[PDB]
């Protein structure tokens, strides 16, 4: 028979089937954890596809007896211990290009929703507020600010971050970015301003947007300490990873007014709920259910790419034939 490939945290395999039909047997688990995956998959699965709703620890990885390649249908892979996976001889890949501009457009929409209060204005109308006079327009829309001259601070000037910077300049934003891993001069190529420390970024930014990956060194990057370094009444946007922000510190900052508003597509604990979590009673909050990446074309694009990567690993040499393996250094 063919090698077994399993969709860990999902059920739909329609897009991947035409690409893997003659290369592997495809099954799905629809499991939120390794405890929900049948022994057959853990015993015989040679490849694996997964999104962001299941975590793979070293303990989880050790339970796979034949897994040779994990392909994350998406850009982020913080939910996988790529180091231990490489130790166990498991290559890990991702799909980084499918949702770059989708996430940037969602970020700009979140930024504009804070500066223009469009979402809150709409919600006020749905709740029955009557805005007849100009005085009432100013009151209901109180907080909407002029964008030109404002400083947008970008943390992580990667593919998505660069797309955010290019769009932000079209609105008159003055864009700063902090990225301690980029080579010297990337700010000159894109006509941006760069700072060397996170504190400098937070000190000068009227609006801070996160576009870095979650790694072992930037967990709770926005914490009670760094939150005190942000400008009075600053904006916070996060379409990256919920693990980057201490919602406990963010919640208090919103209540006290030190942060005028926050737009979040990712949270420390998902799915997100307005009735649970540290943000239970936090005001001036816009939240989306981790959908900044999604478009019909982006969804199909990343699923087909991931399928081909699984194919290359089963019919080629690992990791030589892999196109987007993220743990070649750790791979044994």
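Positions refer to the first chain, counted from 1.
According to the PDB record, 277-285 carries the higher mean C-alpha B-factor of the two stretches 277-285 and 298-306. For the pair 83-91 and 144-152, the record assigns the higher mean C-alpha temperature factor to 83-91. Highest C-alpha temperature factor among 49, 264, 45, 291 per the entry: 45. Reading the B-factor column for the CA atoms of 242, 180, 128, 76 in the entry, the top value corresponds to 128. In this PDB entry, residue 135 carries a Cα temperature factor that places it within the middle third of its chain's modelled residues. Among the modelled residues of the chain, residue 173 sits in the lowest third by CA temperature factor in this PDB entry. Placement of the Cα temperature factor of residue 216 within the chain: highest third of the modelled residues, per the deposited record. Split the chain's modelled residues into thirds by C-alpha temperature factor. Residue 167 is in the lowest one.
Split the chain's modelled residues into thirds by C-alpha temperature factor. Residue 113 is in the lowest one.
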